[PDB]
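Worksheet: one structure, shown below.
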Amino acid sequence: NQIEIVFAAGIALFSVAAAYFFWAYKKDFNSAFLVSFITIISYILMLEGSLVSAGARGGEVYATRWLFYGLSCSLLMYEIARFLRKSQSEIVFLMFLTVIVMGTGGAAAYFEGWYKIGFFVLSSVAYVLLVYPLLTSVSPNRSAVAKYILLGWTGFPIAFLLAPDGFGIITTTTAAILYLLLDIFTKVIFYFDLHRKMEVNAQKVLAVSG
Amino acid sequence: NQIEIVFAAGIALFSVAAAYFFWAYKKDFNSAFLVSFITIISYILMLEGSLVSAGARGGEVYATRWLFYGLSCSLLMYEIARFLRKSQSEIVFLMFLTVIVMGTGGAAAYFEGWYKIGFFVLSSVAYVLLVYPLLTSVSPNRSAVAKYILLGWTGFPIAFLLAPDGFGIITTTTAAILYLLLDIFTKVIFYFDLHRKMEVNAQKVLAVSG
Amino acid sequence: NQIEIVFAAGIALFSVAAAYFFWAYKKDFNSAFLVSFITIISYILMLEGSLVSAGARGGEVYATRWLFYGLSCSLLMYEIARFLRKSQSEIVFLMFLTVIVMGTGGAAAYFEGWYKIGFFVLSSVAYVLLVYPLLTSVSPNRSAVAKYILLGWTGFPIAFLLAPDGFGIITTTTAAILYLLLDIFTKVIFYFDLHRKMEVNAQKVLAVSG
Ligand SMILES: *C\C=C(C)/C=C/C=C(C)/C=C/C1=C(C)CCCC1(C)C
Ligand SMILES: *C\C=C(C)/C=C/C=C(C)/C=C/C1=C(C)CCCC1(C)C
Ligand SMILES: *C\C=C(C)/C=C/C=C(C)/C=C/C1=C(C)CCCC1(C)C
Ligand SMILES: CCCCCCCCCCCC
Ligand SMILES: CCCCCCCCCCCC
Ligand SMILES: CCCCCCCCCCCC
Ligand SMILES: CCCCCCCCCCCC
Ligand SMILES: CCCCCCCCCCCC
Ligand SMILES: CCCCCCCCCCCC
Ligand SMILES: CCCCCCCCCCCC
Ligand SMILES: CCCCCCCCCCCC
Ligand SMILES: CCCCCCCCCCCC
C-alpha cells in the first residue's frame, strides 16, 4: 500500500523531470532526458511487481532497480568522467565498471547466503575501482562532483545494507523512500546543479585540442 | 498451425536475405546482413514458443519480437540517421530512442491493463521524438527515407493496436503476417532500394570534412 | 559434488587473474581485468545453479556460460582484431559476430531437437564469418593469434558437441573441466603471452597515421 505510493511518486517525478529536461536542453543527445526516461520505466516495472523476491527479515527486493541502473548510471558516468576530462578509454573503462557494479548489485540483492555476500564483495571492489579515479581527480571540477559520489552514489550501498536487499534493518517501504531520495539527488539535482558547467566544459574541450 | 507457417516463412526469407546480403555487399561492416541474421534468430524463438503470453480477445503475444527489434532496428537507425547526415551525437541519441521504443513496446505488449497503456504511451512519446528529426530533415535524402518511416516504422504501432498486443481486433495469425510484411519492407526492401545511395553518401562524407 | 569443485576453482582462479591483471597493467582501460572479472561473475552464477537445464544423455547445461561469453569475448575480440590492425568498422563487425556466436550458442545449448540444430548451425555460420578474416590476415601478428583461435576458440564448439550441450558423449563434469581449461587458455594465458606485443602494437598505430 505505502510502497505503491512511493513508486507512483517516482513515476510522476521522473516523468516531469524527463519532460522538463527534453524541453530545457538542446534537441540533440540529452543524457538528462534519457536518465529520467529510463528511470520512469524502472519505477513502472517495480509498481507492476515484475520481479519481486523475498529479502531479509521478511522484506522484499526489487532487483530490476539495480539492473536498470546499469543503463541509466552509465549515462551519468559518461557525464561525470567527461566533466573531469578523463581520456576516452578511461571513460569507457569507468562505464564498464559502472555496469558491473549495478549488475552484481542486482545479483547480490536477489541471491542469498554466501552468494549475496560474494556478489556484494565483487560489486564493492568494482565500486572502489570506479570512484577512486573520480575522488582523486586533479580536475578543478572534482569538488562539484565529489558531493554526488560521496552523498549520492555511496549512499546506495549503505541503504542497500540496511534494506531487505542486505540485512533488512529497515523495511522495504523505508528503503524505497531512501532510494527515491537518492535517485532525485543523483539524477535530477545533478543536472540542475551541473548542466551548464558540463556544457561549457564540453565546448572548451571541443575547441582546444590536447 | 497457420502461425507456424508464417514464422517458418520468416526464418526462410531472412536466411535467404542474410546470405544474399553477405555475398552481395563488401566483406566489412554489413548492417544489412546483421539485421537479417538477428531477425532469423527472432523468428526461430517465436516458432519455438519461448515466451508466449496471453493477449487481448484470446490472442497471443510474442514479446521477444519487440526485444530483438531493439537490436536490429538500432542498426537500421544507424543507417537512416547517417544517410541524413545527422551529427554523431544525434545518431547515438536516435539509436537510444530506438532501443527505448522497442523495449517499452515489448513491455506494453506483455503487460496488461494500465501497465500496457502506460508503456504504450512511453513508447509512443519516444517514437515521436525519434521520427520528428527524421521527417523534418533538410537532407536531400529525406524523401527516399520518409516512405520507410511513414509506411513501415509507423505501420508497427498501428498493427500493434489492432493485434492481440493491443485491442485484439485482428487475430494473432493475421497480426503475424502483417508484422512479417512490415519486416520485409523495413529490413530487406530498404537495402535493395537504398544500399547504393547510402554507400555513396558514406563515401562523400568521408571525403569531405564539415 | 565434483562439478561444484570445478566451478569453485574457476571462481578462485579468475579472482586471482583479475587482481593480478589490475595490479600489473596500467590503471586505464584494462580488458584483461574486465574479461576475468566478468568470468568470475559467470562462475558464481553457475555454482549457484541459476539456470540449469537438462542436456543430452542425462547431463546438465549451464547456458548462462555462453551468454556471459557474449560480453567477455567481445573484449577479447576487440584485442585480437586491433592486434591484427583491422579497420574500426571491421572491428565492430567482428565484435557483433562474436556476440551473435555466443548468444545463439546459448540458445543451441538450452533448446532441443531441431531448435538446438538450427541454433548451432547459425552459431557456426557466424563463427566461420568471424574467424576467416582472422585466420587469413596478412598481419605479421596473425601467427601469434592463430593458436588462440585454432586451439582455444575452436575448442569450444568441439567441447560443446561432446558435452551435454550437444550429444552428451562426455559428462557435465568432464565438459566443465574442459571449458575451464579453455577459459584459462583464451582469457589468461592469452594476456601473459600477448599483452606486451599488443600494447606495443597499439602505440605504433597511435603514432603512425595510415
Ligand atoms: C540511481 C543513480 C545512481 C547513481 C545509482 C548508483 C548506485 C550505486 C553506486 C550502487 C552501488 C552498490 C554497491 C557499491 C555495492 C552493493 C550493491 C550496490 C549496487 C547497491
Ligand atoms: C522490424 C523493423 C522495424 C523498423 C520495426 C519498427 C518498430 C516500431 C517503430 C515499433 C513501434 C511501437 C510504437 C511506436 C508504440 C507501441 C509499441 C511499438 C513497439 C509497436
Ligand atoms: C571463454 C572464451 C572464449 C574465447 C570463448 C569462445 C567460444 C566460442 C568460440 C564458442 C563457439 C560456439 C560455436 C562456434 C558453435 C556452437 C556454440 C558455441 C557457442 C560453443
Ligand atoms: C554522446 C555519447 C553518449 C555515449 C552513450 C554510451 C552508451 C552507453 C550504453 C551502456 C549500455 C549498458
Ligand atoms: C564516448 C562514448 C563511450 C561509450 C562507452 C560504452 C560503454 C559500454 C559498456 C558496455 C558494458 C555492457
Ligand atoms: C502511515 C502513517 C503516516 C506515515 C507518514 C510518513 C510519510 C512521510 C514520508 C515522506 C518521505 C519524504
Ligand atoms: C560501424 C558502426 C556501427 C555501429 C553499431 C552500433 C552498435 C549498436 C548496438 C545497440 C545495442 C542495443
Ligand atoms: C557511430 C556509432 C554509434 C553507436 C550508437 C550506440 C547506441 C547505443 C545504444 C545503447 C542503448 C542500450
Ligand atoms: C485456411 C484458408 C486458406 C487461407 C488463405 C490465406 C492465406 C494467404 C496469406 C498470404 C499472405 C501474404
Ligand atoms: C577502449 C575501447 C573498448 C571497447 C569496448 C566495447 C564495449 C563492448 C560491449 C559489447 C556488449 C555485448
Ligand atoms: C573501438 C570500439 C568498438 C566497440 C564495438 C561495439 C560492439 C557492439 C556490439 C553490440 C552487439 C550487442
Ligand atoms: C573421484 C576420483 C578422482 C577423480 C580424479 C580426477 C580429477 C583430476 C582432474 C584434474 C583436471 C585438471
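Note on A:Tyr132 and A:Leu181: their simple-model spin labels are 3.1 nm apart, each label 7 Å out from Cα toward Cβ.
For A:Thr173, project a label point 7 Å along Cα to C-beta. Then give me every residue of segment A:1-42 with its amide nitrogen under 16 Å of that point. It comes to A:1-10, nothing else.
Evaluated over chain A, the count of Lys pairs having alpha-carbon atoms less than 17 Å apart is 6 (only pairs 8 or more residues apart or interchain).
A Cβ-based charge dipole, computed about the Cα centre of chain B with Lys and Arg at +1 and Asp and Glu at -1, lands at about 720 debye.
One Cα centroid belongs to segment A:23-100, the other to segment C:1-23; the line between them spans 29 Å.
When each full DSSP H helix of chain C is screened for a Cα extent of at least 30 Å along its own axis and an average Kyte-Doolittle hydropathy of at least -0.5, the helices passing are C:2-24, C:88-110, C:113-135.
Note on the protein assembly as shown: Cα Rg divided by 2.2 N^0.38 Å, N the number of residues, gives 0.95.
Based on the convex hull around the alpha carbon atoms, chain A presents an average projected area of 11.3 nm². Ranking A:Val6, A:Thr154, A:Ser87 by how far each Cα lies toward the positive end of the dipole of segment A:2-195 (charges on Cβ) leaves A:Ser87 at the top.
Summarising the label geometry, the points placed 7 Å from Cα in the beta-carbon direction at C:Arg142 and A:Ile189 lie 5.9 nm from one another. Magnitude of the charge dipole for segment A:123-210, about its Cα centre and with charges confined to Cβ atoms of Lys, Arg (+1) and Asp, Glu (-1), is about 320 debye. Along its first, second and third principal axes, ordered by size, segment A:49-166 spans 46, 25, 22 Å in Cα coordinates. Within the shell of other residues whose beta carbon sits under 14 angstrom from the beta carbon of B:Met46, the net charge comes to -4, with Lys and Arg scored +1 and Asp and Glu -1. Note on chain B: dipole from Cβ charges, positive end direction compared against B:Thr98, B:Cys73, B:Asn30; the farthest Cα belongs to B:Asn30. Taking a virtual spin label 7 Å from the Cα of C:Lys197 along the C-beta vector, which residues in segment C:77-109 bring their backbone nitrogen under 14 Å of it? It comes to C:80-85, nothing else. Pairs of Cα atoms nearer than 8 Å and 6+ residues apart set the relative contact order; for segment B:2-194 it is 23 percent. Taking A:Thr186, A:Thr171, A:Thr136 in turn, the Gaussian network model of chain A (Cα-Cα springs below 10 Å) assigns the largest fluctuation to A:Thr136. Taking chain B as a Gaussian network of alpha-carbon nodes connected by springs under 10 Å, the highest mean-square fluctuation of the residues B:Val188, B:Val145, B:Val200 belongs to B:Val200. Take C:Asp193, move 7 Å from Cα toward the beta carbon, and the resulting point lies 4.9, 4.9 nm from the same point in each other copy, nearest first.
For the pair A:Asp28 and A:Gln88, the difference between a 0.36 nm per residue extended length and the Cα-Cα distance amounts to 19.6 nm. Taking every DSSP helix (H) stretch of at least 4 residues in chain B, weighting each as -39,500 (n - 2.57) and dividing the sum by the residue count yields a mean residue ellipticity at 222 nm of -24000 deg cm²/dmol.
For segment B:195-210 and segment B:169-188, write down the distance between their C-alpha centroids in whole Å. Cα centroid of segment B:195-210 versus Cα centroid of segment B:169-188: 33 Å apart. Amide H contacts for B:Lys86 (H built 1.01 Å from N in the peptide plane; partners 5 or more residues away or on another chain; cut-off under 5 Å): none found. Amide hydrogen proximity for C:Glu60: with H placed 1.01 Å from N in the peptide plane, the residues at 5 or more positions away or on another chain lying under 5 Å are C:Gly55, C:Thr172. If you run the Gaussian network model on chain C, springs between alpha carbon atoms under 10 Å, then out of C:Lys26, C:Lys86, C:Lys116 the most flexible one is C:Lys26.
Separation between the A:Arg57 and C:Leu206 pseudo-spin-labels, each 7 Å from Cα along Cα→Cβ, expressed in nm? Distance between label points: 5.0 nm. Remark: label point of A:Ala24 defined 7 Å out from Cα along the Cα-Cβ vector; separations to the same position in other copies 4.8, 4.8 nm, ascending.
None of the figures in this text is laboratory data; all of them are computed from the coordinates on show. As a convention, Cβ positions derive from the backbone with ideal geometry for all residues, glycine included, and neighbour counts pool all protein chains shown.
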